[PDB]
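Enquirer:
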Amino acid sequence: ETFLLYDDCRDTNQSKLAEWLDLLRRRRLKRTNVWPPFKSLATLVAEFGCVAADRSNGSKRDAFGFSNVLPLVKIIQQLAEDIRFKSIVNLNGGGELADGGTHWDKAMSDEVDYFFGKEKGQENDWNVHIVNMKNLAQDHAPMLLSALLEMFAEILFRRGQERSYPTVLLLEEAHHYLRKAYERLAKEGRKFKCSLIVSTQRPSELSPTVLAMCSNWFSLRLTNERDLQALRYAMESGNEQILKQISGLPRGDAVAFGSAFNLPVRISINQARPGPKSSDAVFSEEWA
Amino acid sequence: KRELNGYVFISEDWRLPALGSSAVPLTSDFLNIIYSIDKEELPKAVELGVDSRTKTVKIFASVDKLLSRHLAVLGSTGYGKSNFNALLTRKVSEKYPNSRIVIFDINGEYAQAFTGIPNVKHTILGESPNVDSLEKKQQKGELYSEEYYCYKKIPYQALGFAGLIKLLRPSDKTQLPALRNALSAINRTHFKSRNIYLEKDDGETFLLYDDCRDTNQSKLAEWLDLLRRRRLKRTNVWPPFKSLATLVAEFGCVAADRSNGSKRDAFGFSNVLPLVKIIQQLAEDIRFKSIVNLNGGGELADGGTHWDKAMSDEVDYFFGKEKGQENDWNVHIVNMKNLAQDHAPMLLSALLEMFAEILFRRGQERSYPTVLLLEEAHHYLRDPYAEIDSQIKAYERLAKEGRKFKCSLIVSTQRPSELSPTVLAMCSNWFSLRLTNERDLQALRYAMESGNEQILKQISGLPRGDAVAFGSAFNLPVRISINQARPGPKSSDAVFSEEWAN
Ligand SMILES: Nc1ncnc2c1ncn2[C@@H]1O[C@H](COP(=O)(O)OP(=O)(O)OP(O)(O)=S)[C@@H](O)[C@H]1O
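Here the protein sequences come in this chain order: A and B. Remember, this note's numbering sits 21 above the position in the first sequence when you count from 1. Remember, this note's numbering sits 2 above the position in the second sequence when you count from 1.
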């Protein structure tokens, strides 16, 4: 037998709803072997929110609960129809769904082995990974980029200090998507053998703990007092004589200090070959 | 120091002179090396003014550095902020006559300043006071003179499946699904003088009503399921803004008697009534209807592609055509003299989203450079009834898409404290005139990069015409005296004495 659910508070077959819906909670009816799509959450939400008890010894579809559940189905619907979200995320399902009760923890643990690599002993086909995100909007980035760093921390714990391999993580423009549990990778990283490089221009938008869990420092020019004060309040290994130099540094010159330098240094940095694209724009050409 | 047979200036502060060395003053040959630009950029420069303290040295800047990125102009009232923008925009054209400049003018000032330049246009937003009057088009290569202009409305097709939802705000039980079913089916309703109906594949027709009258209330179910699952006949004309209100009621006042045969019940109809009220209110008005065209007319070419072409055609009118095609004008002035403080955000924060969407598609191969000037942006860059940052999502997208696909922004304003501090951080150059308060002079401190304090502590006392500049196009900051424009903008707002004397 079958039964068909809807998204609108229509009156068709609104008597035998609870009889079918209680078995769902008590896990007595059938299950499947394929992942469904994303839009299919709104129907379940509406049905769990718009069911009531009828006086005609049956069930009823109410409308004073739709008014309670409505604000959520709305954003779900407006999110499953954007043309900049579905080109990054795959809102179609169709894949295999396992048994046993462990179907989330096998989906989570298959996108980490693709970006951050596998564990010790196995064969991997690369040592350098370059992820490019030029096609991702500037308003969907925080969520989707924090999700990944929250996923890469529930798994080092379940992997351990034995099966884990040491890696290096280059994070560029980190003040857009690095800010309780949202920053566990910067704290519980030394145990699980991960090291971060953070590049950024607005250090006043970071947490004073991330900028304090750092051992060595490389500082180029920095012209704002709202940032100098932060660097100073968080600094642990230096002085206040090299802080005055940071505002009059030319290009390529840097100030360096930490544990790998026995006395702070002013440095001129070698050029790289082949270098990064770092191209620019030119308007005069196209119209001249 | 010397380079080959000239000199060059380098900024770095760790050096010092030796004891006994002699001090000497500086001349107009070294000042003109301290306040100059490279040789690589000299054939692409633009003049702005002269130095204030001495007045023997002229100031130049490079179009590339200055405009490839975004730019900000700040200043109080009555100190010289509208002369600067006309100077700049006219000097860009006089040097690069194949440019593309678009201006949002919400006061009607910037037309008197382009008299004498080719490929100018002038569009007003609204309806003609007179009706049986003419408007004279111009040809190519013809110098602009006033008495040439055009009028324009904006249709309602170019707001999409989402703009209308946002503009109507269904806030209760059973308004949303009906308002979706109506927008999804608006392309199968036919129209006559003053009544709406459907047309079957075979002659037969069936009428729709808006008052819940029980005449012929027994065939709804089977004349609605078909419309719902794409079985009735199509059409080829856009209907008005009231078929919406006529469908939202017949989709919300329907039920089924246990005695087979449908009935248009009365109770459910009330659950939808208020939306019908307001969507009626927005036709017997003088403000919304003066700007927007809620009448209905045009082609509706089949192919499930009737929401996109309206956007694509309305963008090519204000912002320009794709590369290769023939676009007539090069300067576009849009006049919003007649537009209320209530419908400004909603209307002017949708053309920009359109432009973003189309500029994401055009790409780097089909996109043409353009400069876009936004005046008094503290009026429409923040949707007031959007009180969470979850809803400010237009500038943050358009700035990036433009920095990628050749679109430059100029933001002019006089109150930088009513303006989010992420709008003023995507900028790479700054021009500031006198600021009188003390809470608008901290929003700049908090959000600037390439300055200092000795150039900021002398903004409270800047006279009329003098400015202060810094950013990634200046080697060291400058205090500067700007030069007058000829001809300039207009300022005729109101004067009492005259009328009182008449
Ligand atoms: N270099 C200059 N020297 C002296 N006066 C100037 C100079 N440049 C502009 N002015 C004068 O400044 C006066 C007022 O400038 P406006 O154009 O009203 O600036 P504004 O009021 O900030 O612009 P809005 O926001 O459009 S009213 C004009 O009457 C000009 O004559």
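By construction, the Cβ of each residue, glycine as well, lies at the ideal position given by its N, Cα and C atoms.
So which of B:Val-104, B:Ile-457, B:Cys-255 has the shortest CA-CA distance to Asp-216 of chain B?
Expert: B:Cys-255
Enquirer: Distance cutoff 9 Å, beta carbons only. Does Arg-253 of chain A sit that close to anything in chain B?
Expert: no
Enquirer: Looking at the unbroken beta strand (DSSP E) that takes in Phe-433 of chain B, where does it start and where does it end?
Expert: Run containing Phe-433 of chain B: 431-434, per the beta strand (DSSP E) assignment.
Enquirer: Can you tell me which of the three DSSP states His-192 of chain B falls into?
Expert: strand
Enquirer: Classify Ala-180 of chain B as buried or exposed, calling it buried when 16 or more other Cβ atoms lie within 10 Å of its own Cβ.
Expert: buried
Enquirer: Mind checking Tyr-319 of chain B: buried by the 16 CB within 10 Å criterion, or exposed?
Expert: exposed
Enquirer: Is any beta-carbon of chain B found at less than 9 Å from that of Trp-308 of chain A?
Expert: Yes, its Cβ sits closer than 9 Å to a Cβ of chain B.
Enquirer: 9 Å is my cut-off, CB to CB: does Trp-16 of chain B come that close to chain A?
Expert: yes
Enquirer: Within 9 Å (strictly less), CB to CB, does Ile-119 of chain B reach chain A?
Expert: When Cβ-Cβ separations below 9 Å define contact, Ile-119 of chain B makes no contact with chain A.
Enquirer: In angstroms with no decimal places, state the Cα-to-Cα distance between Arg-102 of chain B and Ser-225 of chain A.
Expert: 39 Å
Enquirer: Start and end of the beta strand (DSSP E) containing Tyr-135 of chain A?
Expert: Per DSSP, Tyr-135 of chain A belongs to no beta strand (DSSP E); it is in the alpha helix (DSSP H), 126-136.
Enquirer: Specify the secondary structure class of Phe-62 of chain B as computed by DSSP and reduced to three states.
Expert: Strand, per DSSP.
Enquirer: Going by DSSP in three states, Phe-106 of chain B sits in which element: helix, strand or coil?
Expert: Assignment of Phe-106 of chain B by DSSP, reduced to helix, strand and coil, places it in the strand class.
Enquirer: Using only the heavy atoms of ligand 1, determine whether one of them is closer than 8 Å to the beta carbon of residue 2 of chain B.
Expert: Outside the modelled stretch of chain B, which goes from 3 to 504, sits residue 2 of chain B, for which no answer is possible.
Enquirer: To the nearest whole angstrom, what separates the beta carbons of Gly-128 of chain B and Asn-340 of chain B, a pair I think is in contact under 8 Å?
Expert: Indeed they touch by this definition, with Cβ atoms about 5 Å apart.
Enquirer: Using the rule of at least 16 other Cβ atoms within 10 Å of the residue's Cβ for burial, across every protein chain shown, is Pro-465 of chain B buried or exposed?
Expert: exposed
Enquirer: May I ask whether a heavy atom of ligand 1 can be found less than 8 Å away from the beta carbon of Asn-477 of chain B?
Expert: no
Enquirer: Taking the alpha carbon of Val-480 of chain B as the reference point, which residue from B:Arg-17, B:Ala-187, B:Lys-57, B:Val-250 has its own alpha carbon closest?
Expert: B:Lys-57
Enquirer: Is there a Cβ of chain B sitting closer than 9 Å to that of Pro-285 of chain A, yes or no?
Expert: no
Enquirer: Verify the contact flag: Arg-55 of chain B, CB atom, against every heavy atom of ligand 1, threshold strictly below 8 Å.
Expert: no
Enquirer: Is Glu-68 of chain A near ligand 1, in the sense that its beta carbon is under 8 Å from a heavy atom of that ligand?
Expert: No, ligand 1 has no heavy atom inside 8 Å of this Cβ.
Enquirer: Identify, in the order they occur along the chain, each residue of the same chain with its Cβ nearer than 7 Å to the Cβ of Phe-163 of chain B, setting aside the five sequence neighbours on each side.
Expert: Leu-185, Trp-309, listed in sequence order.
Enquirer: Report buried or exposed for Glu-144 of chain A, applying the criterion of at least 16 other Cβ atoms within 10 angstroms of its Cβ.
Expert: exposed
Enquirer: Between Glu-451 of chain B and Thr-415 of chain B, how many whole angstroms is the CB-CB distance? I'm expecting something under 8 Å.
Expert: In fact, because the Cβ distance is near 19 Å, the residues do not count as touching under 8 Å.
Enquirer: So, with DSSP's three-state summary, where would you put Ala-187 of chain B?
Expert: When DSSP states are grouped into helix, strand and coil, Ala-187 of chain B belongs to the helix group.
Enquirer: Rounded to whole angstroms, what's the CA-CA distance from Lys-60 of chain A to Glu-324 of chain B? Just pull it up for me.
Expert: 36 Å
Enquirer: Have a look at A:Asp-29, A:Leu-252, A:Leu-45 and flag the residue whose alpha-carbon is nearest the alpha-carbon of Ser-88 of chain A.
Expert: A:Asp-29
Enquirer: In this structure, how does DSSP classify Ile-288 of chain A when only helix, strand and coil are distinguished?
Expert: The three-state reading of DSSP puts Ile-288 of chain A in strand, counting E and B together.
Enquirer: In chain order, what residues of the same chain lie with their CB nearer than 7 Å to the CB of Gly-473 of chain B, ignoring the 5 residues before and after it?
Expert: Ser-430, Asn-431, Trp-432, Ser-452
Enquirer: Cβ of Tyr-81 of chain B within 8 Å of any heavy atom in ligand 1?
Expert: yes
Enquirer: Just to confirm, is the Cβ distance from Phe-106 of chain B to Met-338 of chain B under 9 Å?
Expert: yes
Enquirer: Could you tell me which residues DSSP pairs with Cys-152 of chain B in its beta bridges?
Expert: B:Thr-125
Enquirer: By a C-beta neighbour count over all protein chains shown, 10 Å radius and 16 as the cutoff for buried, is residue 2 of chain B buried or exposed?
Expert: With chain B running from 3 to 504 in the structure shown, residue 2 of chain B is simply not present.
Enquirer: Can you tell which of B:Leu-426, B:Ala-342, B:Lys-408 has the C-alpha that lies nearest to the C-alpha of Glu-307 of chain A?
Expert: B:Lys-408
Enquirer: Excluding the 5 residues preceding and the 5 following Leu-411 of chain B in the sequence, name in chain order all residues of the same chain whose CB lies nearer than 6 Å to its CB.
Expert: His-72, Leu-374
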